[PDB]
$ cat upload.cif   # mmCIF, N, CA and C atoms and all ligand atoms
data_input
#
loop_
_atom_site.label_atom_id
_atom_site.label_comp_id
_atom_site.auth_asym_id
_atom_site.auth_seq_id
_atom_site.Cartn_x
_atom_site.Cartn_y
_atom_site.Cartn_z
N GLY A 548 33.80 4.16 1.05
CA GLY A 548 32.56 4.02 1.79
C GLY A 548 32.77 3.20 3.03
N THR A 549 31.83 3.35 3.97
CA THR A 549 31.86 2.65 5.24
C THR A 549 30.69 1.67 5.29
N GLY A 550 30.98 0.43 5.64
CA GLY A 550 29.93 -0.57 5.73
C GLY A 550 30.52 -1.93 6.03
N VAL A 551 29.67 -2.94 5.90
CA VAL A 551 30.06 -4.33 6.10
C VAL A 551 30.08 -5.02 4.74
N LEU A 552 31.12 -5.81 4.51
CA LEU A 552 31.31 -6.50 3.24
C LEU A 552 31.02 -7.98 3.45
N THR A 553 30.05 -8.50 2.70
CA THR A 553 29.60 -9.87 2.84
C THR A 553 29.58 -10.54 1.48
N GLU A 554 29.68 -11.87 1.49
CA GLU A 554 29.56 -12.63 0.26
C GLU A 554 28.18 -12.42 -0.35
N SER A 555 28.14 -12.28 -1.67
CA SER A 555 26.91 -11.99 -2.39
C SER A 555 26.63 -13.08 -3.41
N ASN A 556 25.35 -13.41 -3.57
CA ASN A 556 24.90 -14.39 -4.54
C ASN A 556 24.44 -13.76 -5.85
N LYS A 557 24.59 -12.44 -5.99
CA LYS A 557 24.13 -11.75 -7.19
C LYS A 557 24.93 -12.22 -8.40
N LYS A 558 24.24 -12.63 -9.46
CA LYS A 558 24.91 -13.11 -10.67
C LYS A 558 25.14 -11.92 -11.60
N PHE A 559 26.24 -11.21 -11.36
CA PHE A 559 26.65 -10.16 -12.28
C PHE A 559 26.88 -10.72 -13.67
N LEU A 560 26.45 -9.97 -14.68
CA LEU A 560 26.86 -10.26 -16.03
C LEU A 560 28.35 -9.94 -16.16
N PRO A 561 29.06 -10.63 -17.05
CA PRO A 561 30.52 -10.48 -17.09
C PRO A 561 30.98 -9.04 -17.31
N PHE A 562 30.23 -8.25 -18.07
CA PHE A 562 30.59 -6.85 -18.27
C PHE A 562 30.16 -5.95 -17.13
N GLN A 563 29.26 -6.41 -16.27
CA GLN A 563 28.71 -5.55 -15.22
C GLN A 563 29.74 -5.31 -14.12
N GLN A 564 29.72 -4.09 -13.58
CA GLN A 564 30.69 -3.66 -12.58
C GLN A 564 30.07 -3.38 -11.23
N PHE A 565 29.07 -2.50 -11.16
CA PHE A 565 28.47 -2.10 -9.90
C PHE A 565 27.23 -2.93 -9.60
N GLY A 566 26.53 -2.53 -8.54
CA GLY A 566 25.17 -2.91 -8.28
C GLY A 566 24.51 -1.78 -7.53
N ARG A 567 23.39 -1.27 -8.04
CA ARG A 567 22.77 -0.08 -7.48
C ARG A 567 21.44 -0.42 -6.82
N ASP A 568 21.13 0.32 -5.76
CA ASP A 568 19.85 0.21 -5.09
C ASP A 568 18.88 1.23 -5.69
N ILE A 569 17.75 1.44 -5.02
CA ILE A 569 16.76 2.40 -5.51
C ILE A 569 17.34 3.81 -5.51
N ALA A 570 18.11 4.15 -4.48
CA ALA A 570 18.65 5.49 -4.33
C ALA A 570 19.93 5.72 -5.13
N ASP A 571 20.22 4.86 -6.11
CA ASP A 571 21.38 5.01 -6.99
C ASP A 571 22.68 5.13 -6.20
N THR A 572 22.81 4.31 -5.16
CA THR A 572 24.05 4.19 -4.40
C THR A 572 24.58 2.78 -4.55
N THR A 573 25.90 2.66 -4.71
CA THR A 573 26.50 1.37 -4.98
C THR A 573 26.20 0.39 -3.85
N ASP A 574 25.44 -0.65 -4.18
CA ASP A 574 25.05 -1.67 -3.22
C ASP A 574 25.92 -2.92 -3.32
N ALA A 575 26.16 -3.41 -4.53
CA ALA A 575 27.04 -4.54 -4.77
C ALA A 575 28.17 -4.10 -5.68
N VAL A 576 29.39 -4.48 -5.33
CA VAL A 576 30.58 -4.03 -6.04
C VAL A 576 31.50 -5.22 -6.28
N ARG A 577 32.35 -5.08 -7.29
CA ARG A 577 33.30 -6.12 -7.69
C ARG A 577 34.70 -5.64 -7.36
N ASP A 578 35.43 -6.44 -6.58
CA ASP A 578 36.78 -6.05 -6.19
C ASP A 578 37.73 -6.23 -7.38
N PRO A 579 38.75 -5.38 -7.49
CA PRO A 579 39.67 -5.51 -8.63
C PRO A 579 40.37 -6.85 -8.71
N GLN A 580 40.73 -7.44 -7.58
CA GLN A 580 41.40 -8.74 -7.56
C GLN A 580 40.39 -9.84 -7.25
N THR A 581 40.68 -11.04 -7.77
CA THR A 581 39.92 -12.26 -7.52
C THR A 581 38.57 -12.19 -8.24
N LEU A 582 38.24 -11.03 -8.79
CA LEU A 582 37.00 -10.81 -9.52
C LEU A 582 35.79 -11.27 -8.70
N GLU A 583 35.83 -10.92 -7.42
CA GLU A 583 34.81 -11.36 -6.47
C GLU A 583 33.68 -10.35 -6.42
N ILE A 584 32.55 -10.80 -5.89
CA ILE A 584 31.32 -10.01 -5.82
C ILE A 584 30.91 -9.88 -4.36
N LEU A 585 30.61 -8.65 -3.94
CA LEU A 585 30.38 -8.33 -2.54
C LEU A 585 29.09 -7.55 -2.38
N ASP A 586 28.68 -7.39 -1.12
CA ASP A 586 27.56 -6.55 -0.75
C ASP A 586 28.03 -5.45 0.19
N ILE A 587 27.55 -4.24 -0.06
CA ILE A 587 27.87 -3.08 0.77
C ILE A 587 26.61 -2.70 1.54
N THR A 588 26.66 -2.84 2.86
CA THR A 588 25.54 -2.55 3.72
C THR A 588 26.00 -1.64 4.86
N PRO A 589 25.27 -0.57 5.16
CA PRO A 589 25.68 0.31 6.26
C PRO A 589 25.69 -0.43 7.59
N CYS A 590 26.60 0.00 8.46
CA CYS A 590 26.78 -0.67 9.74
C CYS A 590 25.54 -0.51 10.62
N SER A 591 25.47 -1.34 11.65
CA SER A 591 24.31 -1.33 12.54
C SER A 591 24.14 0.04 13.18
N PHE A 592 22.90 0.53 13.17
CA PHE A 592 22.59 1.83 13.73
C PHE A 592 21.11 1.87 14.08
N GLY A 593 20.73 2.85 14.88
CA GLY A 593 19.34 2.99 15.28
C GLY A 593 19.19 4.11 16.28
N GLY A 594 17.97 4.25 16.77
CA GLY A 594 17.67 5.28 17.74
C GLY A 594 17.86 4.81 19.17
N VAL A 595 18.02 5.78 20.06
CA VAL A 595 18.21 5.53 21.48
C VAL A 595 17.17 6.33 22.25
N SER A 596 16.49 5.68 23.19
CA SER A 596 15.51 6.33 24.04
C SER A 596 15.83 6.04 25.49
N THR B 696 -24.42 9.96 -20.53
CA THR B 696 -24.81 10.79 -19.40
C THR B 696 -25.21 9.87 -18.25
N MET B 697 -24.65 10.10 -17.07
CA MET B 697 -24.86 9.18 -15.96
C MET B 697 -26.31 9.17 -15.53
N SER B 698 -26.81 7.99 -15.19
CA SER B 698 -28.18 7.85 -14.70
C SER B 698 -28.25 8.39 -13.28
N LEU B 699 -28.99 9.47 -13.10
CA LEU B 699 -28.99 10.15 -11.81
C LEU B 699 -29.62 9.29 -10.72
N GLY B 700 -30.65 8.54 -11.06
CA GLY B 700 -31.28 7.64 -10.11
C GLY B 700 -32.49 6.99 -10.74
N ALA B 701 -32.95 5.93 -10.08
CA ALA B 701 -34.13 5.21 -10.54
C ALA B 701 -35.35 6.11 -10.39
N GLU B 702 -36.08 6.32 -11.49
CA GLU B 702 -37.25 7.18 -11.44
C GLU B 702 -38.36 6.52 -10.63
N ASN B 703 -39.08 7.33 -9.86
CA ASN B 703 -40.15 6.83 -9.01
C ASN B 703 -41.12 7.96 -8.72
N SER B 704 -42.37 7.59 -8.44
CA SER B 704 -43.39 8.55 -8.05
C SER B 704 -44.29 7.90 -7.01
N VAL B 705 -44.50 8.58 -5.89
CA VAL B 705 -45.33 8.07 -4.81
C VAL B 705 -46.71 8.70 -4.90
N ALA B 706 -47.74 7.86 -4.75
CA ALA B 706 -49.12 8.30 -4.90
C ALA B 706 -49.54 9.03 -3.64
N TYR B 707 -49.57 10.36 -3.70
CA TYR B 707 -49.95 11.18 -2.56
C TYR B 707 -51.40 11.63 -2.70
N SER B 708 -52.16 11.47 -1.62
CA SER B 708 -53.50 12.03 -1.54
C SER B 708 -53.76 12.40 -0.09
N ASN B 709 -54.70 13.31 0.10
CA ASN B 709 -54.91 13.94 1.40
C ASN B 709 -55.84 13.17 2.32
N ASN B 710 -56.17 11.92 2.00
CA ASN B 710 -56.91 11.09 2.94
C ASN B 710 -56.45 9.64 2.90
N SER B 711 -55.24 9.38 2.39
CA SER B 711 -54.73 8.03 2.24
C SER B 711 -53.37 7.90 2.90
N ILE B 712 -53.14 6.77 3.57
CA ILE B 712 -51.90 6.49 4.26
C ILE B 712 -51.47 5.06 3.93
N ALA B 713 -50.18 4.80 4.08
CA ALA B 713 -49.61 3.48 3.85
C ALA B 713 -48.89 3.02 5.10
N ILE B 714 -49.17 1.80 5.53
CA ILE B 714 -48.62 1.28 6.79
C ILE B 714 -47.98 -0.08 6.54
N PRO B 715 -46.75 -0.30 7.00
CA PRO B 715 -46.11 -1.60 6.77
C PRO B 715 -46.83 -2.71 7.49
N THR B 716 -46.81 -3.89 6.88
CA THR B 716 -47.37 -5.09 7.49
C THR B 716 -46.32 -6.14 7.79
N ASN B 717 -45.05 -5.84 7.55
CA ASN B 717 -43.96 -6.78 7.77
C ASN B 717 -42.68 -5.98 7.91
N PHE B 718 -41.64 -6.65 8.40
CA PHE B 718 -40.36 -5.98 8.62
C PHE B 718 -39.25 -6.82 8.02
N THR B 719 -38.03 -6.29 8.11
CA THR B 719 -36.85 -6.97 7.63
C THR B 719 -35.65 -6.51 8.44
N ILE B 720 -35.00 -7.44 9.12
CA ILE B 720 -33.79 -7.13 9.88
C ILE B 720 -32.62 -7.12 8.91
N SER B 721 -31.96 -5.98 8.81
CA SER B 721 -30.85 -5.79 7.88
C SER B 721 -29.57 -5.52 8.65
N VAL B 722 -28.46 -6.02 8.12
CA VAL B 722 -27.14 -5.79 8.68
C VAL B 722 -26.28 -5.12 7.62
N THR B 723 -25.64 -4.02 7.98
CA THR B 723 -24.76 -3.30 7.08
C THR B 723 -23.41 -3.09 7.75
N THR B 724 -22.38 -2.92 6.94
CA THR B 724 -21.03 -2.72 7.42
C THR B 724 -20.62 -1.26 7.24
N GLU B 725 -19.51 -0.91 7.88
CA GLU B 725 -18.94 0.43 7.75
C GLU B 725 -17.50 0.38 8.24
N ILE B 726 -16.56 0.76 7.37
CA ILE B 726 -15.14 0.68 7.66
C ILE B 726 -14.61 2.07 7.94
N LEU B 727 -13.85 2.22 9.02
CA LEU B 727 -13.30 3.51 9.42
C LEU B 727 -11.85 3.33 9.83
N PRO B 728 -10.91 4.02 9.19
CA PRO B 728 -9.52 3.98 9.66
C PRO B 728 -9.39 4.71 10.99
N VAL B 729 -8.42 4.28 11.78
CA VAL B 729 -8.20 4.81 13.12
C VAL B 729 -6.81 5.42 13.27
N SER B 730 -5.77 4.66 12.93
CA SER B 730 -4.41 5.13 13.08
C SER B 730 -3.55 4.56 11.97
N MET B 731 -2.69 5.40 11.40
CA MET B 731 -1.75 4.94 10.39
C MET B 731 -0.49 4.40 11.06
N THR B 732 0.53 4.16 10.25
CA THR B 732 1.75 3.57 10.76
C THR B 732 2.67 4.65 11.32
N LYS B 733 3.09 4.47 12.57
CA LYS B 733 4.01 5.41 13.20
C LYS B 733 5.37 5.31 12.54
N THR B 734 5.94 6.46 12.17
CA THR B 734 7.21 6.50 11.47
C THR B 734 8.17 7.46 12.15
N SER B 735 9.46 7.24 11.93
CA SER B 735 10.51 8.11 12.44
C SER B 735 11.66 8.12 11.46
N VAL B 736 12.41 9.22 11.45
CA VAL B 736 13.51 9.41 10.51
C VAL B 736 14.76 9.80 11.28
N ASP B 737 15.91 9.59 10.64
CA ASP B 737 17.20 10.01 11.16
C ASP B 737 17.70 11.14 10.27
N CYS B 738 18.02 12.28 10.89
CA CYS B 738 18.37 13.47 10.11
C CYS B 738 19.68 13.29 9.37
N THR B 739 20.77 13.07 10.11
CA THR B 739 22.09 13.02 9.50
C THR B 739 22.23 11.82 8.58
N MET B 740 21.70 10.67 8.99
CA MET B 740 21.84 9.47 8.18
C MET B 740 21.17 9.63 6.82
N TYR B 741 20.15 10.49 6.74
CA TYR B 741 19.49 10.74 5.47
C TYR B 741 20.15 11.87 4.69
N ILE B 742 20.26 13.05 5.31
CA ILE B 742 20.84 14.20 4.64
C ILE B 742 22.27 13.90 4.21
N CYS B 743 23.07 13.41 5.14
CA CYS B 743 24.43 12.98 4.87
C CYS B 743 24.44 11.47 4.65
N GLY B 744 25.63 10.90 4.59
CA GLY B 744 25.75 9.46 4.46
C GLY B 744 26.73 8.88 5.45
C1 LIG A 801 -52.78 2.03 -2.71
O1 LIG A 801 -53.69 2.56 -3.69
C2 LIG A 801 -53.16 3.63 -4.48
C3 LIG A 801 -54.28 4.11 -5.38
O2 LIG A 801 -55.40 3.25 -5.29
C4 LIG A 801 -51.93 3.15 -5.25
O3 LIG A 801 -51.37 4.23 -5.98
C5 LIG A 801 -51.25 3.86 -7.37
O4 LIG A 801 -50.28 2.83 -7.56
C6 LIG A 801 -50.15 2.40 -8.93
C7 LIG A 801 -49.18 1.25 -8.94
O5 LIG A 801 -49.03 0.71 -10.25
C8 LIG A 801 -49.69 3.57 -9.79
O6 LIG A 801 -49.64 3.15 -11.15
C9 LIG A 801 -50.66 4.74 -9.65
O7 LIG A 801 -50.16 5.87 -10.35
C10 LIG A 801 -50.85 5.10 -8.18
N1 LIG A 801 -51.83 6.16 -8.03
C11 LIG A 801 -51.55 7.46 -8.21
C12 LIG A 801 -52.68 8.41 -8.02
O8 LIG A 801 -50.42 7.84 -8.52
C13 LIG A 801 -50.90 2.59 -4.28
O9 LIG A 801 -49.81 2.04 -5.01
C14 LIG A 801 -51.53 1.50 -3.41
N2 LIG A 801 -50.56 1.00 -2.45
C15 LIG A 801 -49.72 0.00 -2.72
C16 LIG A 801 -48.79 -0.39 -1.61
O10 LIG A 801 -49.71 -0.57 -3.80
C1 LIG A 802 -42.49 -11.31 6.51
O1 LIG A 802 -41.39 -11.68 5.69
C2 LIG A 802 -40.85 -12.97 6.00
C3 LIG A 802 -39.63 -13.16 5.13
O2 LIG A 802 -39.67 -12.30 4.00
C4 LIG A 802 -41.91 -14.04 5.78
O3 LIG A 802 -41.39 -15.30 6.19
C5 LIG A 802 -41.47 -16.24 5.10
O4 LIG A 802 -42.71 -16.94 5.10
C6 LIG A 802 -42.85 -17.89 4.03
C7 LIG A 802 -44.24 -18.47 4.14
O5 LIG A 802 -44.63 -18.64 5.50
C8 LIG A 802 -41.75 -18.95 4.13
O6 LIG A 802 -41.85 -19.83 3.02
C9 LIG A 802 -40.38 -18.28 4.16
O7 LIG A 802 -39.37 -19.26 4.39
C10 LIG A 802 -40.32 -17.23 5.26
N1 LIG A 802 -39.04 -16.55 5.25
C11 LIG A 802 -38.20 -16.57 6.29
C12 LIG A 802 -36.91 -15.82 6.11
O8 LIG A 802 -38.47 -17.16 7.33
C13 LIG A 802 -43.16 -13.72 6.59
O9 LIG A 802 -44.20 -14.64 6.27
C14 LIG A 802 -43.63 -12.30 6.32
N2 LIG A 802 -44.76 -11.96 7.17
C15 LIG A 802 -46.02 -12.34 6.90
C16 LIG A 802 -47.06 -11.91 7.89
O10 LIG A 802 -46.30 -13.00 5.91
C1 LIG A 803 46.78 -10.35 -8.61
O1 LIG A 803 45.53 -11.04 -8.45
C2 LIG A 803 45.19 -11.89 -9.56
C3 LIG A 803 43.82 -12.46 -9.25
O2 LIG A 803 43.93 -13.72 -8.58
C4 LIG A 803 46.26 -12.96 -9.75
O3 LIG A 803 45.93 -13.75 -10.88
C5 LIG A 803 47.62 -12.30 -9.93
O4 LIG A 803 48.63 -13.30 -10.01
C6 LIG A 803 47.92 -11.36 -8.77
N1 LIG A 803 49.19 -10.69 -8.98
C7 LIG A 803 49.99 -10.32 -7.97
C8 LIG A 803 51.27 -9.64 -8.37
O5 LIG A 803 49.70 -10.52 -6.80
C1 LIG A 804 -58.15 16.80 -0.95
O1 LIG A 804 -57.81 17.64 -2.06
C2 LIG A 804 -58.87 17.80 -3.01
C3 LIG A 804 -58.31 18.61 -4.15
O2 LIG A 804 -57.26 17.93 -4.81
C4 LIG A 804 -60.07 18.45 -2.34
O3 LIG A 804 -61.14 18.54 -3.28
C5 LIG A 804 -60.51 17.64 -1.13
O4 LIG A 804 -61.54 18.31 -0.43
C6 LIG A 804 -59.33 17.40 -0.19
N1 LIG A 804 -59.72 16.55 0.92
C7 LIG A 804 -60.29 17.01 2.04
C8 LIG A 804 -60.62 15.99 3.08
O5 LIG A 804 -60.51 18.21 2.20
#
$ encode --input "upload.cif" --output "structure tokens" --more "lines below"
Ligand SMILES: *[C@@H]1O[C@H](CO)[C@@H](O[C@@H]2O[C@H](CO)[C@@H](O)[C@H](O)[C@H]2NC(C)=O)[C@H](O)[C@H]1NC(C)=O
Ligand SMILES: *[C@@H]1O[C@H](CO)[C@@H](O[C@@H]2O[C@H](CO)[C@@H](O)[C@H](O)[C@H]2NC(C)=O)[C@H](O)[C@H]1NC(C)=O
Ligand SMILES: *[C@@H]1O[C@H](CO)[C@@H](O)[C@H](O)[C@H]1NC(C)=O
Ligand SMILES: *[C@@H]1O[C@H](CO)[C@@H](O)[C@H](O)[C@H]1NC(C)=O
Amino acid sequence: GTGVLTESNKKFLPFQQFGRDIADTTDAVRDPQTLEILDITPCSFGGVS
Amino acid sequence: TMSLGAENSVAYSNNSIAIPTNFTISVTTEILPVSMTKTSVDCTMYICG
């Protein structure tokens, strides 16, 4: 996926792996190493007039 | 069964009239929507990811 990775304060339960938004797309994910918790947010975008 | 309205009967006769002797200044409200929230969508960002 493409996005920005930022530090997250979400308290995952030890067994929990993903984090899903309303649209069932991975919002918060756990990296295989360091067992860290991140946020996945789409890059800046918008309309042009 | 819903009460259709308060029952009433006005005394009608062909030589009698009723004329007010006092008045009452009344204020009433009325709410009307004018414009909703302007919205816009992005085609590819929604259909695709
Ligand atoms: C003016 O007089 C008429 C009759 O004298 C009144 O009409 C009657 O009003 C009473 C009120 O309790 C009713 O019970 C009667 O049925 C009415 N008469 C008829 C024939 O229906 C009238 O109400 C009077 N005006 C006012 C403002 O009270
Ligand atoms: C018309 O109605 C008004 C209000 O319903 C009357 O004014 C009232 O008069 C009494 C006695 O003079 C006072 O105690 C109230 O405080 C008044 N009310 C208000 C809101 O000022 C008035 O008297 C009526 N008209 C007539 C000719 O009696
Ligand atoms: C891989 O990462 C884990 C998490 O810190 C660490 O304990 C381990 O030593 C690392 N192993 C290698 C080969 O880098
Ligand atoms: C009013 O109607 C009655 C019948 O209900 C009638 O007798 C009377 O003449 C009428 N009034 C007038 C002024 O004609």
$ residues_around --input "upload.cif" --residues "range 554-557 of chain A" --least-positions-apart "2" --cutoff "6 Å" --atoms "all atoms listed in the file" --output "list in words"
residues 552, 559, 584, 585 and 586 of chain A
$ residues_near_ligand --input "upload.cif" --ligand "ligand LIG 802 (chain A)" --cutoff "12 Å" --atoms "only C-alpha atoms and all ligand atoms" --output "list in words"
residues 715, 716, 717, 718, 719, 720 and 721 of chain B
$ residues_near_ligand --input "upload.cif" --ligand "ligand LIG 804 (chain A)" --cutoff "9 Å" --atoms "only C-alpha atoms and all ligand atoms" --output "mmCIF file with N, CA and C atoms, in the coordinates of the input"
data_model
loop_
_atom_site.group_PDB
_atom_site.id
_atom_site.type_symbol
_atom_site.label_atom_id
_atom_site.label_comp_id
_atom_site.auth_asym_id
_atom_site.auth_seq_id
_atom_site.Cartn_x
_atom_site.Cartn_y
_atom_site.Cartn_z
ATOM 1 N N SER B 708 -52.160 11.470 -1.620
ATOM 2 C CA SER B 708 -53.500 12.030 -1.540
ATOM 3 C C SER B 708 -53.760 12.400 -0.090
ATOM 4 N N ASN B 709 -54.700 13.310 0.100
ATOM 5 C CA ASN B 709 -54.910 13.940 1.400
ATOM 6 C C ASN B 709 -55.840 13.170 2.320
ATOM 7 N N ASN B 710 -56.170 11.920 2.000
ATOM 8 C CA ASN B 710 -56.910 11.090 2.940
ATOM 9 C C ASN B 710 -56.450 9.640 2.900
#
$ atom_distance --input "upload.cif" --atom1 "atom C of residue 712 in chain B" --atom2 "atom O2 of ligand LIG 801 (chain A)"
10.2 Å
$ residues_near_ligand --input "upload.cif" --ligand "ligand LIG 801 (chain A)" --cutoff "6 Å" --atoms "all atoms listed in the file" --output "short mmCIF file (atom, residue, chain, number, x, y, z; two decimals) with N, CA and C atoms, in the frame of the given file"
data_model
loop_
_atom_site.label_atom_id
_atom_site.label_comp_id
_atom_site.auth_asym_id
_atom_site.auth_seq_id
_atom_site.Cartn_x
_atom_site.Cartn_y
_atom_site.Cartn_z
N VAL B 705 -44.50 8.58 -5.89
CA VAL B 705 -45.33 8.07 -4.81
C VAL B 705 -46.71 8.70 -4.90
N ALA B 706 -47.74 7.86 -4.75
CA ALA B 706 -49.12 8.30 -4.90
C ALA B 706 -49.54 9.03 -3.64
N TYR B 707 -49.57 10.36 -3.70
CA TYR B 707 -49.95 11.18 -2.56
C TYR B 707 -51.40 11.63 -2.70
#
$ residues_near_ligand --input "upload.cif" --ligand "ligand LIG 803 (chain A)" --cutoff "6 Å" --atoms "all atoms listed in the file" --output "ChimeraX atom specification"
/A:580-582
$ residues_near_point --input "upload.cif" --point "(22.6, 6.3, 10.7)" --cutoff "10 Å" --atoms "only C-alpha atoms" --output "compact mmCIF listing (two decimals) with N, CA and C atoms, in the frame of the given file"
# COMPACT_ATOMS: atom_id res chain seq x y z
N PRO A 589 25.27 -0.57 5.16
CA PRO A 589 25.68 0.31 6.26
C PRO A 589 25.69 -0.43 7.59
N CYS A 590 26.60 0.00 8.46
CA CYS A 590 26.78 -0.67 9.74
C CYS A 590 25.54 -0.51 10.62
N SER A 591 25.47 -1.34 11.65
CA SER A 591 24.31 -1.33 12.54
C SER A 591 24.14 0.04 13.18
N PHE A 592 22.90 0.53 13.17
CA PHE A 592 22.59 1.83 13.73
C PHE A 592 21.11 1.87 14.08
N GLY A 593 20.73 2.85 14.88
CA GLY A 593 19.34 2.99 15.28
C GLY A 593 19.19 4.11 16.28
N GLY A 594 17.97 4.25 16.77
CA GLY A 594 17.67 5.28 17.74
C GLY A 594 17.86 4.81 19.17
N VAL B 736 12.41 9.22 11.45
CA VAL B 736 13.51 9.41 10.51
C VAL B 736 14.76 9.80 11.28
N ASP B 737 15.91 9.59 10.64
CA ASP B 737 17.20 10.01 11.16
C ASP B 737 17.70 11.14 10.27
N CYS B 738 18.02 12.28 10.89
CA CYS B 738 18.37 13.47 10.11
C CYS B 738 19.68 13.29 9.37
N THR B 739 20.77 13.07 10.11
CA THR B 739 22.09 13.02 9.50
C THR B 739 22.23 11.82 8.58
N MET B 740 21.70 10.67 8.99
CA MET B 740 21.84 9.47 8.18
C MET B 740 21.17 9.63 6.82
N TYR B 741 20.15 10.49 6.74
CA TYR B 741 19.49 10.74 5.47
C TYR B 741 20.15 11.87 4.69
N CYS B 743 23.07 13.41 5.14
CA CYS B 743 24.43 12.98 4.87
C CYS B 743 24.44 11.47 4.65
N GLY B 744 25.63 10.90 4.59
CA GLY B 744 25.75 9.46 4.46
C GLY B 744 26.73 8.88 5.45
$ atom_distance --input "upload.cif" --atom1 "CA of residue 560 in chain A" --atom2 "atom C of residue 575 in chain A"
12.1 Å
$ atom_distance --input "upload.cif" --atom1 "CA of residue 567 in chain A" --atom2 "CA of residue 735 in chain B"
24.8 Å
$ axis_aligned_box --input "upload.cif" --around "range 731-738 of chain B" --padding-each-side "6 Å" --output "JSON"
{"center_x": 8.5, "center_y": 8.5, "center_z": 11.3, "size_x": 34.4, "size_y": 21.9, "size_z": 15.8}
$ select_by_dssp --input "upload.cif" --residues "chain A" --states "strand (DSSP E)" --output "ChimeraX atom specification"
/A:551-554,575-577,584-588
$ closest_residue --input "upload.cif" --among "A:558, A:564, A:596, A:550" --to "residue 578 in chain A" --atoms "only C-alpha atoms"
A:564
